[PDB]
Every structure is written in C-alpha cells, then in structure tokens.
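Chains as they are written, first to last, in the entry's author numbering: chain Z, 416 to 646; chain O, 2022 to 2030; chain M, 283 to 339, 350 to 430, 436 to 483, 515 to 761, 775 to 1077, 1084 to 1176, 1225 to 1310; chain G, 1 to 171; chain D, 14 to 49, 55 to 139. Heads up, the beta-carbon is just placed ideally off N, CA and C, and yes, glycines get one too. Contents: one structure, followed by commentary.
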C-alpha cells in the first residue's frame, strides 16, 4: 500500500473520540505517520496514524490534483462529497470532478515553469513551414501555441520546434512608420482594442505582443502590425 | 373490386 | 452514456428526444388555442423593424386550421417536420411549406414554455389567494385582496412580456408576504425592500389612494383615451392633508408627498393594463436617437460600418431595416455610440415640447376644476404620473423594445445565413454535356506562385484513385525567362498524359485567387489539344469555390483520412468531391466540434445566438438531405457518405450511427426497407419518419438477394402506401402478379399519364384514408421517374460569382467610391498608372486623376512598387479592374460625391455642432 | 468590505522633474500608480485622494533616477471569507450563477445554490426559478451572497460565493 | 486563515477603520467631482455598485448611523455590515453576522436595526 500526504496539506480524523478535526500537515512519513496536525487557534499537537486520517479540504480553497483524469490542473473547490470533489479550473469556468485522496493544498498560483530549457515563456516556434507562432502555456502532454493569425491551437510537446528570433526585422503600423521588435507599443485598433504591451516577434503582417498584467492567453496576444501605435 | 378509370387525356 | 442507450431504445425521432422541453400529447382544446396563438405570434404579427420577406421557397386566417393539423401530427403522432412536409402535404399545403413547418415546430416550444410558466405562476396565485383569504377571514387601507380578476389577468396572458408584467405586478402588491405565506404553509425570507415597502411601513396607502383614479381605472382611461372613470376629488389641499402622515421617516408634509407620490408612481408603472397599453403605444410611436461618444467621433470614419448611423435624430423604429439595429448595438458595445429610445420627439422647440406624450396623458388624470383646492392636487397628480413615466416606464419600455428590435435583427442574420446555405446545398451532381458516375480531377494550389499545383482524381463512387504533383504549372507562358517556359512544358505534357491515362469527365480548379484564371485557360487549352486531335472527348473545366475545401483541408478528419497526402493536395480531393455531390461534401465539415460555423455565411454570423444559428443551419441540411434521400448501401460501402445518415428524418446522429453499426455487425447490405424492422428492430414511429427518405438502389443487388426485393424501395414511395402503389400500377395496365405488373410500368412509365388520379382519391377518402390527391400525384410522378433529383442542375459560375469567389469581396465590401491602398505596377502609354490591389484587382489611374494639378509625367509623383492611397471610381467585374483616382480633392471627397449614403434621419446639425 | 487605511509607496523620478518644484511634481505620478491595483494582503485598492508626506530621495548612482517614498490617502476594498455582502447578477449558467461585487467578479456554482432553484436555460432571460415559479433570480438583479474563498490573478481578485445560507436571495 | 466569521484580518489591516456604502459613495463621488488624467473604469465600477447600494445619500445621515451604533458594544465590523445589509429582524442580523449570536438581546438589537431602516432615503 501507498500513502500520499504531502507537506502543507490538510487531514482530518475519521474515527475515535477526537473525530472530525481538520489540521495542517507538519510531519510527513510512510505507514506509521503519527502526524502532528496544526488546528486553528491551538498551539498543541495531537497524534494520529495513517489508518485514522483522511485527506479532507474545507469548502473554498485552492487544490492541486496529482493523479486522475484532469491530473496536473489547479482550481477552487465548491463542493466536497465522499469521493466527487468538484472545482472550478483557473483556466476556464467549467466543471471538474476528481478524487480527494490524490489531491493536495497549495495557496500559490499555477505558474507552469519550463523544464529542461528547450523552450521558455514567450518563445517563437515553427509549426509548419508556412505559419509561425509563440508558446504561451505549458500543459502536461500538450502546449498552447498562439499562431500569427491570433488563435491558440493545442499541439503535443514533440510536435513543435524552437524558431530563432528575427531580431533584425521591421514592419509598418497605424501611422505608416518603420516599427521593429522589442519596443513598447499600444494596441488601440483591432481585436485587442485598448491594450498595452511590448512586441517580441514580427512577421509579414502580424506582431507578437507580451504583457504581465493580462491573464488571458497567458498574458500574450497577437494583432496585425497596422493596428499598432508607438508608446 | 375497384378500378381507376384511364379517362385522363 | 446511459442517455445515448435510452435514445437508441426509445421509438421517437432523436430530435424529439433532444428537444429542451419534452414533446407531450395534446388534447384538441390545447391544440386549437396553440394553433391560434402560434398563428398570431409567428405569422400574423408583423415585425417592428422593416424585415425582408425571407420565404425564399401575409398568410391568411386559413393557416390556423393548417397549423392545428401540423401540431396534431407533431405532438400526437410524433412526426418530424420533413415527414409532414413530404408525406402529409395534402393536410398542410399550400399555407405551410417546410420552412413554415420548422417555424411552427420552434414556436410549439415557446407555447409549451409559456403554458408551463403560466400554470405554475397560476399555482402561486392560488396559494397567495388562499393565504390572504386565511388572514382576512381569521381592515387597514393597505390590504388589497387578490380577487377573480387578478386570476383572469394571468389566464388571458398572450406573451412572455405580458406574463412578466403580471409577475412584476404580483411582486409589487404581494412580494412582501411571499416568505410569510410559505412558512405558514408548512424556508428563510429574501430580505431587501424597495422604497415601496418603506412607504407601506409609513402607511401611505391611505394617501396614495386619495389621488383619485385607482391604478386600474387610470389604465382604462389610458386604453380608451378619455376619462372613462372620473377622478374622485378630495376636498382638502394635498400639502395640508399630508400633515396626517408625518412620522420619523417623513418628518415634513413636503417629504410626505414625495414619498406618497413615489408609491403612486410605482403602482401606475407596474399595473399590467398600464404597461400593456403603454407598450402598444410605445412600439407604434417610439423614436430612436443616436449620438457618438468621444471615442466614436474619432474611430467611426467613412470606412467604419457605423458610418451610416453614427448620428440619428427622431428615427422611427418602424424604419430600421434588416440587420441595421444589430450593427447599432455592436457599435454601442464597442463604446462608439449612445442609443436612446423615446416615445417623444427630441428638440428644444416650444411646440415640440407641447406635443409630447406626457402632455397628452396627464389630461386623463387631471380634474377640470379651477378651484385652488383641485389645482394644487392636479400639480401633485402631474408629478405622480411624470415620475411613473420618466423613472419606471420609459426606461423599461426602451429596454424591452431594444431587445425586440435586436432580436429581429439577430433573427434576420440567422435567416440570411440559412438562405445562403440553402443556395449551396441545392446544387445537384455535375452531369456531363452518367450511370457509373463521373471521374473528376480536382486541382488545388496555394496562393504562393512557387508552390506546386496538385491534382487528385476521384472516381464517381467517391474513392481517391490517384494524385499528381506539378512543380511548374503556376508559371506563365509569356515569362521573360525562357527557363520558366521550358520547365513548365514538362508539367503541361504531364497533365496531358495524366488526362490521357485516366480520362476524367470534368476537371475542377480551386477558386483560390486570380491565377486560377490562368490555370483554367491552360487546362482548357490542354483539353482542347485532346479535342482537336480527337484523342478524347471534350472534358469540362470548372472553377469551383474552395472555401469549403479550405475548411476540409484544415479539419482533423482530412489529415486522419489521408495521413500520407500533403495538406494542399487535400484541398484537391474536396474540390473533386464537391462537384460530384455538394450535399455529401458539405456534410463532411459538420463535425462534433461545430466546424460548420467557420464557413462565412454572413459578416455578422458571430454576433447571433450560437445555438439558434446552429439549429437554423441544420434545418437546411435536414431539408435537403430528406428531399434528396440517403442511400444506406452507399453509406456502408463508402465511409465518405456516412455523414448524411444523421440528417435523415427521424434518425439523427445517435440512431444514425447505430443503424450503420448493426448492418456492420451483420456484415450484410441493406436489401429491403423491411430489414430496418426485422434486422435493426426499428420501431414503427422511427421507421415511419425515415422509411421514405432512405434509398436502396435495387440495381446494385443480385444473386440470392433476388429472393426478396421490393422494387418500390428504389423510389420515394413510402412503405405505408405500397399497397396503393401496386394497385395503381396494376390498373394502368388494366390487368384482370403485382411485381410483374409494376416492372412493366417502371420500364414503360408513359402508361401512367392516362390514369385518372382524381377518381382514385375519392375512393381512398371514401375508405377513410382522407384526402389523398397530393400523395397520389407524388406516387405517380415518382413511378414516372424514380428518385428524380429535385436539386437545381449544376451550372458554371457567372461573372459576378467568379469575381466574388476569386477576390473574396462582396458588393458591400468592394463598392464604387470606397477608399483603398494599392501598389503601382507600371505606367500605360502616358494614359495612366497601372496598380494592383491586395485582393488582386488590377487598378488603373488615368493621368487626369493622378493629382489636383495637371501632371504630364506620372513618374514625378508615383514610382513602380510604391504603395499609394486611392479611391475607386468605377468597377469592371469582367476584367478584374477598377478605375482609381488619387487627387487630394477626391481622396478627401470635399464635395461628398463618393461617401456612402447616410441614413435618412442622420443628424447633420449635431455632426456640424460637435466640431 | 470597504476599509479605511492610509498606505505608503515608493516611486522613481527622472531628472526632467528636478529644480525647485520637485516635491510638488513627485505627488502627480502616484495618482495613476496605486489606483485600481490589487494585492493578496491589502486587497483591491480603489484610489488615492491626497498625499501626506514625501520621504528622503536616494539618487541612483550612475544614472539620473531618484526614488521617493510617499505616504498617501486611499480607500481600499478587501472581501473576506465568511462575509455576507450584496452583488449584481451578470450571468446564469447550468454550472452556476456568476455575479459581481463592485470592482470584482464572482461565481457561485449550482452546488452552492439551494436545491429549490432549478434552471431556465431555455427562456430568453436566463433564470433559476423554483418548483413554484416564485422566486426568480436572473441577470441584472441585486442579489446578496456569502464569500467562501478568494483568489489573486496578476493584480486582480476573483472570489467565490455561496447562497445556501439563510436570508440570502432576491432583492 | 483570514476569516471574517471570527473577525481576523492581517495585522496591518486589523487596525483599519470600516466604511459604509453611502460613506464611500460620498468619498468616491467627491473624488470624481475633483478629478473629472481622468478616472479609470475600475473606479466607475465601484461608483455604480455603491450607488445602487447607497441606502441614504445625505452626509449627516452617514455620520449619524455610525455614531449611534458605536455607542453600543458591537465591533467596527458590524458598524459597516449592519449599515449595508439593513436586515429586518434581529434573527436575520444574527444569521448574517455570526458575531451577534449571544452578544446582545433581540429587542435591543431590533432597536439598532430600526434606527438604521428609518434613515433610508
């Protein structure tokens, strides 16, 4: 048998005279855990084995699932039944039902950091010899690549390759002037009407903008070059 | 028994 | 899921099972009220805005009976719209056609929905009446008892709007007691109080009622336009009388009157008769006013879609046309414009104000006496109605009317989409200038002139038999480089030999861009070389729209289906398949991901309700698929045609997939329609709905199958009428063997022309089958030519279709006068400057239109390869050329000779004043 | 809930603003720097009205910039778990009701809504009526609620509500 | 851990003073009157919201409902939620705010509720 009680999670007592008491995990071990749960407003530590503990979480906090259909995804729990713990994914406002024992509690935001170092946040790629795109969100099996047309397509991890930056390229804007890459501009006209950002990559008719305040599309957006003004 | 008439021209 | 199994087992059309509100049988009383109610709302009530008659296929009161019959078939017999439209047309034509039947079907949902809410809302009223009866039988001026008229108002409701009025009314007078009633019945109280509850807590009921007319009495004076009910006149001044109601909430008589007037103003504004009478008056008189925001004055230029209406003054809503109101709401959400709907004419003129609606209705509540006693009350009365109209009714009526005008514009866009899809699906298989189908060579290419042209040969059955790559077919024969000509000669010879080896009947070329014209001229010349040499008969060379082919090439299906073929060559096959049968091809891009929405039906199709548009588009598939009929053996033999089974009447995607699955398990062809009952165990209701639409090609069968083959399966004759079809065939021969008799007639169909069907219809009616004139005429016509394809015969695209297809422009996007950006290609000898647009049109600027001043040498102002702003003056659709000007006087259009026509109600004074 | 605290912040100033009216110029750049921003500690801050005092400025060695720690007067909005507040309903869906508490948008799943409330996805106005069609909760309605959880997304809070607790409903 | 049920807030925010919907309505309206760089859309979405929920709009009615409640033994958390919610019965106030359970009697608490409902414009 195996047990998955990671540091920083919350467990309750399922049987005994001290039943229904939710505390934070400090000490982690295997079978003979003899855990030290930190309840609210209580400096003292109780003692419980793994056969007398249950992975429970109170309604309204962030949860990270390890194993399941939607494994590796974060969100907010709204109802916790005996086995179906429904939550709202932070990516889309849609249902997500998974198992509570394979779950964990972390109040940090789902960053989605790069592994190995073959790609990074806001990096130009080459899907087809006729189209170009940038990576905006690293998933578990797939990648959310944003093409030059302005839409995000779902590709596998090995289906896309790293494209070298065209740092010596120029284009035209709304005032019909020579605009290059790595410049802070404003997108007043176009699909992203009233937006602020920095250009990272350019193409025949499109610009790859990057921001930090925006949450949609991983904080990156693409518009035509003639829809930009110098900021 | 019944029969349809071919009276149509 | 379990629902998919339940849908498979249940003997009802899948679309009946997938309907939001389950279809329930109806008593004749409900069907009669529903038939009249649907007729009033869907066919008799004209649109508020000017809407084009979209019946591309005002209906009289006789339609009410036809709707009652149609609802009878759908709700009691569970027949879908196509079955009714094709096999029960004697009972619904000529008033209802297939599109009208879908309209009735969609309104049946709304009737059932209205009745469901109206019934439960009645249950609430019964509970409320019982609770008040208990409180009274176990009285303050503020206790209004729910009576029999209060119930009758609800029962007489004819629309969701009138229903909502009665609900808002109920909440105003009884909403405060709802939680008390429910707890007494045995739940915790919704708690917030509008200012009306404060006025009630202060006991102002005794004062509000003394203004004179009750809310209901005022409602009738409004409806009838005269003081039908005389205003009871209190003998005291209102400001003195207010002293009796002074309390902690209203410490002064002046404050008491504002509080009491607010209570009266809300009673008037929420009384159902007042709302109903005003709404009717509001829809008739309402004027729309539009002014641009700080943003709109800068962004809404001559090219912006909002240009024709950014400034509107006093425009009657009755004069908005088609989708124009949707464009207004979009421009408003973009923060460009501000819209205002008022029943009054806006202006600063004295007569303008004197003529306003408020000045008219205040007279229905004023008492015509000159005593100071009455005058000061009239002043209070003026402010009581004014607050009701300005703060509650005009805002709410403007919002309700805004939603209806917007709904009509959204419905127009949906109808415009379906009307475009209909025009695409109605095209029949190409027939050479036939029984083994047509071998088609589709040719697709990318817009880049360096990419190879790809050809795909599809046999008449829809199987891809071969493919070809041409690296130089895009080159031009008059190239300055000899090397291009020499290399292209090998590809020309390759295509000539490919045609010689495969002998296709028609070659389709992708409508990608203007180079498609060169490809067609070259292909026609190659074919012409075969013709002059008499080596092969003339091969058709057709330009085929590639929009559908692009969606195919980008679909997950087109890669999975042909994993080894490149994506450009994948658009070559869809172009070959599209000319063989457009309906089967369009069904390929109708995936579970709803890929259909990627087709550009209308410029605003993305701003309408997605679910309503999808239903309106699937109706076009269902209409044409059932008219054409679906061959089940073709579907099993060729996976390509399996997409149509889901649109067969009665089947749908779940039962459609299941039908193919059982025949796949048995590994047997569908030999006769009876096998749907004996092998797929298909129930009578689903069989009834689909049996007439499923084709079985009796010519493809043979050997042991000969033991049982009903020849009528090869026609649209419905199995319920096979007994009549056999009798009708036997009598045309005057035989004193049903199969032998029928075979002689099917081979010699002219003998049926002498058979008098009107005499036979009388016998079926006498036997109790009812009127059968149209059913017999269908059977006779069907036996005269089994499965005659009712689709419009294929025709090559005309000059207007070709221009739109290759430039991807429409008359609305590329019009005379429009401003554009173009690249200079050369100078004509100087007669003018040659240019090229992004959309590929080759523009020409006469020397006289190059500048305001006379320029003798164009080289002094423009250079080859240079981008220059120009204004279209004349469009030549045939030559793909436009006469452009670039004179500053024309570019800025100082005389307003080119600018798009402004609306008739455009506010030229506001436009000049804002500057 | 809306709260009242006077916070402090540090902003940088370029040499074009030096000279005698320096301290006067430092005030202006803060007015569009600490307005409408958010943190997981102080919450969503609405805006700054006036500036109390300017601390001592450290000139960055090598370049011309100088930073100035400024104390200002602003009113802040932080919703907390367990609070019961009012909101306006923006969208009703089969997964739940989505509402808006002033500068912040929220969501309440159908799971957190009482069992009496059934859906109305079919009618033109999306609502959740009851078995009695009595208390109808649709779009554009002043609905109270209970915050059960908060979340910060790049300087923007997105809390989560509930509606099973009593006296929480129709206006 | 930050839970309003037991009235626990961050140490730098615990010392804060709560505000009424009508009070911030006056402060926000005054800032709009002074500044209309112009005001942000984030500010406007606080204006329409606290407007719809500003139960009384005169300034003296703002300072009075605050001064009359702080005279009791309720916390400054209750000083704003009981001026924003405007509950009808004391049982409702105790249901909305859990800190009121057992702290005061129903009829005295009802008096505080009536003092707030009477000022509404």
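*What is the rounded straight-line gap between the Cα of residue 66(G) and the Cα of residue 12(G)?*
6 Å
*What first and last residue would you give for the alpha helix (DSSP H) that runs through residue 166(G)?*
Run containing residue 166(G): none; DSSP gives neither H nor E here.
*Answer with yes or no whether the minimum CB distance from residue 159(G) to chain D is below 8 Å.*
no
*According to the Cβ coordinates, are residue 750(M) and residue 651(M) closer than 8 Å?*
no
*Please compile the residues from chain G whose C-beta is within a distance smaller than 7 Å of the C-beta of residue 475(Z).*
81, 148, 149 and 160
*Entirely within the region 863–951 of chain M and at least 4 residues each: give me those alpha helix (DSSP H) ranges in chain order.*
888–895, 897–902, 908–921 and 923–929
*So which residues on chain G does residue 102(D) lean against when the C-beta distance must stay under 9 Å?*
1, 2, 85 and 86
*Skipping 5 residues on each side, what residues in its chain have a beta carbon closer than 8 Å to that of residue 616(Z)?*
539, 547, 549, 580, 581, 596, 622 and 623
_Simplified DSSP state of residue 111(D), which is helix, strand or coil_ = helix
*Apart from the five residues just before and just after residue 361(Z), which ones in its own chain have a Cβ nearer than 8 Å to its Cβ?*
No statement about residue 361(Z) is possible, as the shown extent of chain Z runs from 416 to 646 and does not include it.
_So within the region 33–86 of chain G, which uninterrupted beta strand (DSSP E) runs reach at least 3 residues, ignoring any that extend past its ends?_
43–54 and 66–77
*Indicate the three-state DSSP secondary structure (helix, strand or coil) for residue 111(G) in the structure shown.*
helix
*Whole-angstrom distance between residue 120(G) and residue 154(G), CA atom to CA atom*: 34 Å
*So, does the CB of residue 165(G) fall closer than 8 Å to a CB anywhere in chain Z?*
no
*Taking the C-alpha atoms as reference points, what is the distance between residue 524(Z) and residue 158(G)?*
13 Å
*Bridge partners - residue 96(G), DSSP secondary structure assignment*: 93(G) and 109(G)
_Proximal residues of chain G, C-beta to C-beta of residue 51(D) below 9 Å_ = Absent here is residue 51(D), because the residues of chain D run from 49 on to 55 with nothing modelled in between.
_Rounded separation between residue 1101(M) and residue 354(M) - CA only_ = 34 Å
_Beta carbon proximity, residue 71(G) to chain D, threshold 8 Å_ = no
*Can you name the residues that DSSP bridges to residue 785(M)?*
795(M)
*In chain Z, what lies closer than 7 Å to residue 111(G) by C-beta?*
493, 494 and 501
*Would you check if there are 3 or more beta carbon pairs closer than 8 Å linking the region 368–376 of chain M to the region 676–684 of chain M?*
no
*Take every Cβ of the region 23–39 of chain D, pair it with every Cβ of the region 100–118 of chain G, and state whether three or more of those distances are shorter than 8 Å.*
no
*From which residue to which residue does the alpha helix (DSSP H) around residue 66(D) run?*
59–70
_Can you list, in chain order, the residues of its chain with a C-beta nearer than 7 Å to that of residue 526(M)? Leave out the 5 residues immediately preceding and following it._
577
*Note down the Cα distance separating residue 1(G) from residue 529(M), rounded to an integer number of angstroms.*
29 Å
_Members of the region 625–640 of chain Z near chain G, C-beta cut-off 8 Å_ = 627, 628, 629, 630 and 634
*If you measure beta-carbon to beta-carbon, which residues of the region 92–105 of chain G are closer than 8 Å to chain D?*
100, 101, 102 and 103
*Is residue 781(M) near residue 921(M), with beta carbons less than 8 Å apart?*
yes
*asked:* Using a Cβ-Cβ distance cut-off of 8 Å, determine whether residue 55(D) contacts chain G.
replied: yes
*My guess is that residue 104(D) and residue 73(D) are in contact by the Cβ rule of under 8 Å, so how many angstroms apart are they, rounded?*
6 Å
*Does the beta carbon of residue 118(G) sit closer than 8 Å to a beta carbon anywhere in chain M?*
no
*If contact means a Cβ-Cβ distance below 7 Å, which residues of the region 27–38 of chain D contact chain M?*
none
*Taking the alpha helix (DSSP H) that residue 1000(M) falls in, what are its first and last residues?*
993–1007
*Classify residue 562(M) as helix, strand or coil using the three-state DSSP reduction.*
coil
*Mind checking if residue 510(Z) is an interface residue toward chain G, Cβ cutoff 8 Å exclusive?*
yes
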